Amino acid sequence: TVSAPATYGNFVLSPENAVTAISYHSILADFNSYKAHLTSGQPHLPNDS
Amino acid sequence: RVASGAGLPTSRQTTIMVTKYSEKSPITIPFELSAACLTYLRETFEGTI
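Attention in this report is confined to the structure presented alongside it. (Residues numbered from 1 in each chain as written, not as in the entry; some residues may be left out. Chains lettered and ligands numbered in written order. Part of a larger assembly, values for the part shown. Heavy atoms only, no water.)

### Topic: the overall build of chain B
And step 1. From N to C terminus, chain B includes one helix and zero strands.
And step 2. By its C-alpha atoms, chain B is 100 × 15 × 10 Å across when sized along the principal axes.
And step 3. The burial tally for chain B puts 0% of its 49 residues in the buried class.
And step 4. Entry remark: accessible area of chain B is about 5900 Å², with carbon and sulfur atoms responsible for 59%. (Helix = DSSP H or I, 4+ residues; strand = E, 2+ residues; numbered from the N terminus. Buried < 20%, exposed > 50% of the residue type's maximum accessible area, 1.4 Å probe, protein only. Areas by Shrake-Rupley, 256 points an atom, 1.4 Å probe, with all protein chains shown as cover.)

Here it is, written out as structure tokens:
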């Protein structure tokens, strides 16, 4: 017997993604983490989006 | 009326009546919407923001 994910993974975009998509037609996923780590000066993220 | 001499032709006419009809002038203006507008207005989704 083996464990598997019971349900599809629900990934939804943040409001900054919405406004960036409306303006420039592009999105950076996990946008708030990018902003916070970039401003704080931390070079690396814990995981991908 | 006004009175006059003993034999001047003072008219017997009194309180005449007249009819006034109505003049018709309808006005018109169109406004138009696209199919995408009506669709997004009508079927509100459970989708994201």
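Picking up where we left off.
### Remarks on the pattern of salt bridges
All names here are of chain B.
And step 1. What the rule picks out here adds up to one salt bridge over all chains.
And step 2. When the shortest N-O distance is used, the salt bridge between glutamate 43 and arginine 42 registers 2.8 Å.
And step 3. Residue classification places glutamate 43 among the partly exposed positions, given a relative accessible area of 27%.
And step 4. Residue classification places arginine 42 among the exposed residues on the basis of a relative accessible area of 67%. (Salt bridge = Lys/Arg side-chain N within 4 Å of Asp/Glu carboxyl O.)

### Considerations on the packing of aromatic side chains
All names here are of chain B.
And step 1. Applying the stated rule across the entire model yields one aromatic pair over all chains.
And step 2. On the numbers, 5.9 Å between centres and 85° between planes, the contact of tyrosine 40 with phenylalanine 45 is edge-to-face. Both residues of the pair, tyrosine 40 and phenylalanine 45, count as exposed. (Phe/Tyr/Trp six-rings, centres within 6.5 Å; stacked < 30°, edge-to-face > 60°.)

### Topic: unusual backbone geometry
All names here are of chain A.
And step 1. Positive phi, normally seen in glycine, also occurs at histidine 25, with a value near 65°.
And step 2. As for its placement among the helices and strands, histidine 25 is situated in the loop between α1 (15–24) and α2 (31–40).
And step 3. On the accessibility criterion, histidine 25 (71% relative accessible area) is exposed.
And step 4. At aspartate 30, a position not held by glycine, the phi torsion is positive, near 55°.
And step 5. Residue placement: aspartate 30 occurs in the loop between α1 and α2.

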